[PDB]
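Protein chains in written order, with UniProt numbering: chain H, 19 to 24, 32 to 41; chain X, 73 to 496. Beta carbons: idealized from backbone N, C-alpha and C, even for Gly.
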Amino acid sequence: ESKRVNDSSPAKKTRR
Amino acid sequence: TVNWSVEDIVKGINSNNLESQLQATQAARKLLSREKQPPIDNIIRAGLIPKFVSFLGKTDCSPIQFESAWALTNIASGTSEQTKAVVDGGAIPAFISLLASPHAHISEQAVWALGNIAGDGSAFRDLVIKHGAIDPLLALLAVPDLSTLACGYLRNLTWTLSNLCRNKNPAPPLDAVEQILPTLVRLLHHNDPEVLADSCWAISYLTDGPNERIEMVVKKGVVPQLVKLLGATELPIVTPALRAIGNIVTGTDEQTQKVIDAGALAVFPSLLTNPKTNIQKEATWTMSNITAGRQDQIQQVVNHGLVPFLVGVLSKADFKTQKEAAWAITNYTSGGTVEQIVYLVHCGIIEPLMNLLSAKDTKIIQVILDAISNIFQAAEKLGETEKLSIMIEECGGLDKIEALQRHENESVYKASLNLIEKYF
């Protein structure tokens, strides 16, 4: 009730 | 095959000669793997995607399967429109079929491509699932000991599975989540830092939702392992572990209690003083959701010695962290006992609370004024409203509360007129 919902892992990666 | 033009690539791919097609496809893979501005759009516009997709099915020529899988992976790694071009070419089922390849480098490339496609968003994630990706992906991990798999291979599989867990509106299908979770639990116990990071990311995605989604994860028994990872020295592991834990404590009081029972609070002295701003911020947000809990949970925050740390963050931290700390205080004072609130004042909460009333942020002002009102209410039950009033005046707090009567926002000036009229 008093709770409040809301460096990352990339969503896509190119192979180089 | 270095630095061919797209024109030359097209010429080779349209030849009726499989070896010429292979060399041209490898040339495309190399163009697409270059650091500055790979010409993805030129390759798409040249009509090459359908050819690449047809080469994925050339079981008799594993090299052209690999080169085409790599080329298409790199197109799929681009913008949403570029990933769409790959999906529109029929790549999804062709990649799923390659998961069964006896060549580990080709299987791995198909895992990678599917990760990029799923990573685009919820629709493609769900489309990859509908085409049946999960069963064969999990089968690649059905071995007695994950350590026998090549490390790069396992990292790619973990990352792709994490993308199948990712995104909302909508969240992934419940049956897919139930299918993946046991494998994720096993990956969370693997000893490779990148696998652990991506497994924690996966769990952070799954817990970013309503209590039903959180419960699915909590009932798998992973909270103690997340708490262990929260104490890792590697920031790339701590960050997602903390996000996952923070997400869990947005759920029920019982879900929050599992985090406490697992020993999470013992890590917070370090998290609340972490030199990474984002860790301090997320840690304080997590604390704010714990202080929003029951009196016995607030008591655990007290027992673990965390109130002085909250006073610390309120006194000096990045402003966004200070704002989470203000929320932690308002929640504490809202749900805490009189004795818990007295303790908060004795830890020195008043001066830094008052200092923040100079903030150019109307929300934190509302929050702080709420906290002060709560503290005064406790002071009333003790008949000590006078000692508190003097404390607030002494540290320059009254000066700030009276000024807020002349505040633009309606909620601030009302809340503060009330304080002045009743206690000053």
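I think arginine 22 (chain H) touches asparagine 283 (chain X), with their Cβ atoms under 8 Å apart; what is that distance to the nearest whole Å?
With 8 Å as the limit, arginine 22 (chain H) and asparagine 283 (chain X) do not qualify as a contact, their Cβ atoms being about 14 Å apart.
Does the segment 165-181 of chain X come close enough to the segment 82-99 of chain X to have 3 or more Cβ pairs within less than 8 Å?
no
Given that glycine 318 (chain X) touches chain H, what residues does it touch there, using C-beta distances under 8 Å?
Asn24
In the DSSP assignment, find the unbroken alpha helix (DSSP H) run with residue 510 (chain X) in it and report its ends.
The structure shown does not extend to residue 510 (chain X), since chain X spans only 73 to 496, so no value can be given for it.
Here's a check: name, in chain order, each residue in its chain whose Cβ is nearer than 7 Å to the Cβ of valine 290 (chain X), leaving out the five neighbours to either side.
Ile320, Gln327, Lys330
Using CA coordinates, which residue listed in X:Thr324, X:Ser276, X:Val299, X:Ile332 is at the minimum distance from residue 65 (chain X)?
Nothing can be reported for residue 65 (chain X), as the shown portion of chain X is limited to 73 through 496.
Selection of the segment 364-375 of chain X by Cβ proximity to chain H, strictly under 7 Å
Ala364
Classify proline 312 (chain X) as buried or exposed, calling it buried when 16 or more other Cβ atoms lie within 10 Å of its own Cβ.
buried
Proximal residues, the UniProt repeat "ARM 4" (200-244) of chain X versus chain H, C-beta separation under 8 Å:
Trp231, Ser234, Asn235, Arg238
Can you have a look at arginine 258 (chain X) and say buried or exposed, based on whether 16 or more other CB atoms are within 10 angstroms of its CB?
exposed
Under three-state DSSP, which class holds residue 32 (chain X)?
Since the first residue of chain X shown is 73 and the last is 496, residue 32 (chain X) is not available in this structure.
Terminal residues of the continuous alpha helix (DSSP H) containing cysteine 272 (chain X)?
265-278
Presumed contact (8 Å Cβ cut-off) between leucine 302 (chain X) and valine 339 (chain X), rounded CB distance
5 Å
In chain H, which residues lie less than 9 Å from residue 498 (chain X) when you measure between Cβ atoms?
The question about residue 498 (chain X) has no answer here: the residues shown for chain X are numbered 73 through 496.
Complete alpha helix (DSSP H) runs within the segment 398-481 of chain X (minimum length 4 residues, chain order)
410-418, 422-427, 434-453, 457-466, 469-475
Scan the segment 331-343 of chain X for residues whose Cβ lies nearer than 9 Å to a Cβ of chain H and list them as they occur along the chain.
none
Outcome for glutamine 367 (chain X) when other beta-carbon atoms lying within 10 angstroms are tallied against a minimum of 16
exposed
Under 8 Å between C-beta atoms, does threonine 145 (chain X) make it to chain H?
yes
Which residues in the same chain as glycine 377 (chain X) place their Cβ atom closer than 8 Å to its Cβ, once the five residues preceding and following it in sequence are excluded?
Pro341
For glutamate 153 (chain X) and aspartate 192 (chain X), the rounded distance between their alpha carbons:
10 Å
Does any CB atom of chain H fall closer than 8 Å to the CB of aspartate 280 (chain X)?
yes
Return the chain-ordered list of same chain residues with a C-beta closer than 6 Å to the C-beta of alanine 243 (chain X), the five sequence neighbours on each side being excluded.
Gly281
Check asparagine 490 (chain X) in the structure and name its three-state DSSP category.
helix
Delimiting residues of the alpha helix (DSSP H) encompassing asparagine 361 (chain X)
349-362
Of all the options X:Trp399, X:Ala143, X:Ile168, X:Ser134, which has the alpha carbon lying nearest to the alpha carbon of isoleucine 421 (chain X)?
X:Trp399
Can you name the start and end residues of the alpha helix (DSSP H) that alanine 163 (chain X) belongs to?
163-170
Test: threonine 393 (chain X) CB closer than 8 Å to a CB of chain H:
no
Applying a beta-carbon distance threshold of less than 7 Å, which residues of chain H neighbour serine 105 (chain X)?
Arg40, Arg41
Distance, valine 484 (chain X) Cα to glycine 407 (chain X) Cα
22 Å
How would you call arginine 197 (chain X), buried or exposed, if buried means at least 16 neighbouring beta carbons within 10 angstroms?
buried
Tell me, to the nearest whole angstrom, how far the beta carbon of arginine 40 (chain H) is from that of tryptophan 184 (chain X); I am working on the premise that it is less than 8 Å.
7 Å
Length of the line joining the Cα atoms of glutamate 480 (chain X) and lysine 432 (chain X)
12 Å
Under 8 Å Cβ-Cβ, which residues of chain H neighbour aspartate 270 (chain X)?
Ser34
Interface residues of chain H facing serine 140 (chain X) [CB-CB closer than 8 Å]:
The premise fails here: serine 140 (chain X) is roughly 13 Å from chain H at the closest Cβ pair, so nothing lies under 8 Å.
In terms of residue numbering, what span does the alpha helix (DSSP H) encompassing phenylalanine 138 (chain X) cover?
134-148
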